[PDB]
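*Asks:* Below you'll find the sequence and an experimental structure to go with it.
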Amino acid sequence: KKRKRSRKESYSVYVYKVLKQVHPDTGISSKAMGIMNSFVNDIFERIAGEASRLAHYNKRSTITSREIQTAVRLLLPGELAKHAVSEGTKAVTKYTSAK
Amino acid sequence: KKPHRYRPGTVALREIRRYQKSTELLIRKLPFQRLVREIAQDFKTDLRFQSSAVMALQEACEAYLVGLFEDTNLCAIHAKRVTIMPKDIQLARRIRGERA
Amino acid sequence: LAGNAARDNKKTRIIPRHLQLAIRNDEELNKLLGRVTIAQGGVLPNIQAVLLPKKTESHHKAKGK
Amino acid sequence: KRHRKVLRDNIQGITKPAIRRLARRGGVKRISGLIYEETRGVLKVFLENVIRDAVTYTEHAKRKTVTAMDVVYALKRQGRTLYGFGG
Amino acid sequence: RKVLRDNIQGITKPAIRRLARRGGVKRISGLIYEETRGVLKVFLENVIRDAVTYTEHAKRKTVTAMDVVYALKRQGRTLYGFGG
Amino acid sequence: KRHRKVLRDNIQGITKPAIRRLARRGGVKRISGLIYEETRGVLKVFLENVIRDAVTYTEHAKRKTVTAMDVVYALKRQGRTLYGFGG
DNA sequence: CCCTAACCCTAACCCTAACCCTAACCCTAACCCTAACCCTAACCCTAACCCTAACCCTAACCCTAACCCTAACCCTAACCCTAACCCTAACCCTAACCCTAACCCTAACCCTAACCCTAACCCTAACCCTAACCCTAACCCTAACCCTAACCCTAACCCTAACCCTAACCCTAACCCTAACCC
DNA sequence: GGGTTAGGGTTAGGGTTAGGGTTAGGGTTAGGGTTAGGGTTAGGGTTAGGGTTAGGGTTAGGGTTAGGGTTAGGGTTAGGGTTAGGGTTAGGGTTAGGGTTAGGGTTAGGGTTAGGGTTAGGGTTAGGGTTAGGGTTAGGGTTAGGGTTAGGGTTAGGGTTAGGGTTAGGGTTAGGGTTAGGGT
């Protein structure tokens, strides 16, 4: 509402941009935004979740890049893992060069 | 296929094919509003249900029930029978692990 | 509940099995620890009735009449 | 006025045809007669279990209204995970 | 040498019966013995592939008992005892 | 339209003083603490049983009122003959 | 006090047992044969009751180090109008879904009879168990060490959000292939 | 076999339904610094392991033959398929009014430090009592017969009983006075 009301946060703007790159001239209904926005907010709490425990067992106090690579190897399944461990390193490579 | 009679068990295959291809809820909304309200009385009184809460409960309860029937069916076809029965529901619940 | 099941087997120590016969014989402690497997434990005795010997002469042989 | 409250006839509110349309989506071909009372027993245990955890979250917040982000937070713990009717 | 066949013919026919007479089964058909070597090589593959992943994270070359107690805990079957 | 409370008196009114007044007629000298929940479990399985037979006679006459002669007729069958409350 | 639903005489019209009367089945008391079942004389388990003797749990020690009270601190959850909305009212029709009742037609369920195929044994020919019998390859614990990741600043800018708007998604009519009719 | 009765892709016409900018704020972040914590290096004491030293004892094999369980293939019938009206009934809406709650301004309340100041937990032992094989020493499960005898069939001739003639009271359904069980 607008009576000095709070503003929610949604990964809905970002999903629309991805839809455009993979398939041009196609649209999403607002009911289908709701199923998709929940998935992006559920994979965040499983991939981050295994990372917290992995840090504690080792005794180390920081969740760095190696930890979000062991979590992707364990939580995800078979060939959606090799294609996602590889994709992530490529984006970390570019950021190290420039920010 | 005189409209007067189609042999037993042939109207239902048309029913299965048409029903599996649409998503509308199959239990009526006003009666299910009440079952939830009666079950809530024991846990507390003066509880007010927003419209969405009785919608979610309809889309989870239909989904548990649609599933038990597919597993009851798999059990029935095992014994050489072609019909679900009261005994078959209990084997599906012991194996899935819910009853204990 | 474990200790009371050690007197019944005539021993003075709560060893690992006596722990299963007390967490698998209860109805509010077998619905909490219901997936856990206890090391070097065992199984609770049960034989389904249909199998127990009761074929009653079996039959189909040379008319026992 | 509204001088009546909800009795316990509701559990028979699910009709005989509704359990014959949620079972024809399941593949069932010849439903037997006694199934209708049993399917009103399996639904009856389930609706209470999502409900007790739903009320327990609401009383934590000292409110009086069971909003859907409470049903969705109860349904995750038991086992399922409804995505959609909630955030 | 870990002769492939020898390792799986290791769960021999007597011990695929005595692990099943602890469940109640009274008569066992001949082909149960082949299928039950199949379902204990697709269970060990899943437990021993998630103990290697934790071991590599700590840069160690020995698979300790605690790691197997953490591989089993994830898949829904906690083990109490041979670990802490 | 509805008394907000629908508790229909949940085995209530049998307060600690009432159970400590009936017991003293009996001869009890030092009532223990846990008895109060149990004595609200024995009264409960009795008030139901006289009642189930009492309604069963009234529905036989098709009337909608449970008169005292119906309670005296039900109490004879179980075993205790109340003399005179109804006659 | 203040009332609305309950009762109870009453008053009339069929429904519905009773009584009777032959005339039929059905179910009793006898009457043999036939097979369940208890006894029996074996064989193979199954505890019960002692006796070790040995293999550890349970008492002792010391020591060192995570707990803990008194001092200053400072986020932070405490109560209260308040607007404002959103959810329950008893407000209200209405045709499309529940029922239902008489019906056929497959299935669910038994009997017998072949007939494979698993279970109990005995002979044997190993393989896995121990006593361990070395050695050495990773495992952890100091020192020390930059490199990184936090913490306040500050100045943009990039993300909601209500406001429009028209365009793909809708019921709805009208008119063709496509299987059950079953030889 | 039938010519057969059965639905299934198109399509105007409103009626919503995501698109679509568009400022307009509204938080959020991307720039700037310092500074302390944390992973990362090196060395040395010490546990998997493998590799033959051997050995013994179960133990998992192979054959074989009754036993038995199973799965077929015929005799009888329970959930299908109508049907359409009528009794609900769950929908399409109303106001409308009150119930509740996210927006605010102030105080318990939990780290925090910190150097002592301990006390209780963690190793760290040698003695107690050992607790589970083994050898006797009496009780129970199977295994499979044989001789009775106690049921499970039969008839036929009485003893009920069902059906088919026959009547009128003991119940119904409204219809009044009358009252008494909630409801404050």
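*Replies:* Cool, got the structure. Numbers count the residues shown, from 1 in each chain, chains lettered A, B, ... in the order given.
*Asks:* Residue A:51 is in contact with residue A:67, correct?
*Replies:* Yes: taking contact to mean C-beta atoms under 8 Å, the distance of 4.3 Å between residue A:67 and residue A:51 places them in contact. Using the backbone N, CA and C atoms, a C-beta is placed for each residue, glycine as well.
*Asks:* Get me the contact residues on chain D for chain F.
*Replies:* Proximity of chain D to chain F, by C-beta under 8 Å from any C-beta of the partner chain, involves residues D:1-5.
*Asks:* got the residues of chain C near chain E?
*Replies:* Taking C-beta under 8 Å from any C-beta as the criterion, the neighbours of chain E within chain C are C:16, C:35-40, C:43, C:46-48, C:51.
*Asks:* Filter those residues down to the buried ones and express that as a PyMOL selection.
*Replies:* Restricted to the buried members of these, where burial is judged by 16 or more other C-beta atoms under 10 Å in any protein chain shown, the PyMOL selection command reads as follows:
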select buried, chain C and resi 38
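*Asks:* Can I get the residues of chain C next to chain E in TSV including secondary structure and distance to DNA strand G?
*Replies:* Formatted as TSV, the entries for these read as follows, by DSSP: H, G, I helix; E, B strand; the rest coil; distance: C-beta to the nearest atom of the strand, whole Å:
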residue	secondary structure	distance to DNA strand G
C:16	helix	11
C:35	coil	29
C:36	coil	23
C:37	strand	22
C:38	strand	18
C:39	coil	15
C:40	coil	13
C:43	coil	18
C:46	coil	17
C:47	coil	14
C:48	coil	16
C:51	helix	12
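*Asks:* Could I get the contacting residues of whatever residue of chain D ends up closest to chain C?
*Replies:* Scanning chain D for proximity to chain C using C-beta to the nearest C-beta identifies residue D:49 as nearest, at 12.0 Å. The neighbours of residue D:49, taking C-beta atoms under 8 Å, 6 or more residues apart in numbering or on different chains as the test, are residue D:78.
*Asks:* Which residue ranges of chain C form helices?
*Replies:* Taking DSSP state H to define them, one finds helices in chain C at C:4-7, C:16-23.
*Asks:* Ok, which of these comes nearest residue A:47?
*Replies:* Checking the helices of chain C against residue A:47 by C-beta to C-beta gives helix C:16-23 as the closest, at 34.3 Å.
*Asks:* any idea how far DNA strand G is from the most centrally placed residue in chain C?
*Replies:* Residue closest to the average C-alpha location in chain C (C-alpha atoms, centre = their mean): residue C:45, at 1.8 Å. Relative to DNA strand G, residue C:45 is positioned 13 Å away (C-beta to the nearest atom of the strand, to the nearest Å).
*Asks:* try residue B:45
*Replies:* Using C-beta to the nearest atom of the strand, residue B:45 is found at 12 Å from DNA strand G.
*Asks:* if I read this right, that residue contacts residue F:6, doesn't it?
*Replies:* Yes: using C-beta under 8 Å, residue B:45 is in contact with residue F:6, at 6.0 Å.
*Asks:* quick one on the thing from earlier: report the buried residues of the helix or strand where the residue of chain D closest to chain C lies.
*Replies:* Following DSSP states H and E, the helix or strand that holds residue D:49 is helix D:35-60. Along helix D:35-60, these residues count as buried under the neighbour rule (16+ other C-beta under 10 Å): D:35-36, D:38-39, D:43, D:46-47, D:50-51, D:53-55, D:57-58.
*Asks:* Can you give the strand pairings for the following helix or strand past it, parallel or anti for each?
*Replies:* Toward the C-terminal end, the helix or strand that comes next after helix D:35-60 (DSSP H and E) is strand D:65-66. Strand D:65-66 has the following sheet partners, assigned by DSSP bridges: strand B:48-49 (parallel).
*Asks:* chain center to the strand it pairs with: distance?
*Replies:* What separates the centre of strand B:48-49 from the centre of its chain is 25 Å, taken as C-alpha atoms, centre = their mean, to the nearest Å.
*Asks:* Number of residues surrounding residue B:84?
*Replies:* As a burial measure, residue B:84 scores 25 neighbours (other C-beta atoms under 10 Å in any protein chain shown).
*Asks:* List the contacts of it.
*Replies:* Neighbouring residues of residue B:84 by C-beta under 8 Å, 6+ apart: B:69, B:72-73, B:76, D:23, D:28, D:30-32, D:35.
*Asks:* If any of those are buried, put those into a ChimeraX selection.
*Replies:* Selection of the buried residues among the contacts of residue B:84 in ChimeraX, burial being defined by 16+ other C-beta under 10 Å:
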select /B:69,72,73,76 /D:23,28,31,32,35
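*Asks:* Name the SS class of residue B:38, please.
*Replies:* helix (DSSP: H, G, I helix; E, B strand; the rest coil).
*Asks:* ok, it touching residue D:5?
*Replies:* No: using C-beta under 8 Å, residue B:38 makes no contact with residue D:5, being 9.4 Å away.
*Asks:* The two: which is more packed in?
*Replies:* For residue B:38 against residue D:5, the residue with the higher neighbour count under other C-beta under 10 Å is residue B:38, and the figures read 17 against 12.
*Asks:* List the contacts of that one.
*Replies:* D:6-8, D:10-11.
*Asks:* Among the residues you listed, name the buried ones.
*Replies:* residue D:10.
*Asks:* mind putting the contacts of residue B:38 in TSV, distance to residue A:59 included?
*Replies:* Output for those, formatted as TSV (distance: C-beta to C-beta, whole Å):
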residue	distance to residue A:59
D:6	57
D:7	61
D:8	57
D:10	56
D:11	55
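*Asks:* What is the nearest of the contacts of residue B:38 to DNA strand H?
*Replies:* Using C-beta to the nearest atom of the strand, residue D:10 is the member of the contacts of residue B:38 that sits closest to DNA strand H, with 10.1 Å.
*Asks:* roughly how far apart are that closest one and residue B:35?
*Replies:* Residue D:10 sits at a distance of 4 Å from residue B:35 (criterion: C-beta to C-beta, to the nearest Å).
*Asks:* got the buried residues of helix D:35-60 as a markdown table, with distance to DNA strand G columns?
*Replies:* Compiled in a markdown table, these are given as follows (distance: C-beta to the nearest atom of the strand, whole Å):
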| residue | distance to DNA strand G |
| --- | --- |
| D:35 | 13 |
| D:36 | 10 |
| D:38 | 16 |
| D:39 | 14 |
| D:43 | 16 |
| D:46 | 21 |
| D:47 | 17 |
| D:50 | 18 |
| D:51 | 15 |
| D:53 | 20 |
| D:54 | 14 |
| D:55 | 14 |
| D:57 | 17 |
| D:58 | 13 |
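*Asks:* can you narrow these to ones near DNA strand H?
*Replies:* With C-beta under 7 Å from any atom of the strand as the criterion, the subset of the buried residues of helix D:35-60 in contact with DNA strand H is empty.
*Asks:* near chain B, anything from stretch C:47-61?
*Replies:* No: under the criterion of C-beta under 8 Å from any C-beta, chain B is not reached by stretch C:47-61; the shortest gap measures 12.0 Å.
*Asks:* Show me what from chain C comes close to DNA strand H.
*Replies:* For chain C, the residues in contact with DNA strand H (C-beta under 7 Å from any atom of the strand) are C:11-13, C:15, C:53, C:55, C:58, C:60-61.
*Asks:* Please pick the buried ones from these.
*Replies:* The neighbour-count test (16+ other C-beta under 10 Å) applied to the residues of chain C next to DNA strand H identifies nothing as buried.
*Asks:* Distance to residue A:6 for these - can I get that in CSV?
*Replies:* Putting these into CSV (distance: C-beta to C-beta, whole Å) gives the following:
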residue, distance to residue A:6
C:11, 64
C:12, 64
C:13, 61
C:15, 59
C:53, 73
C:55, 74
C:58, 78
C:60, 80
C:61, 84
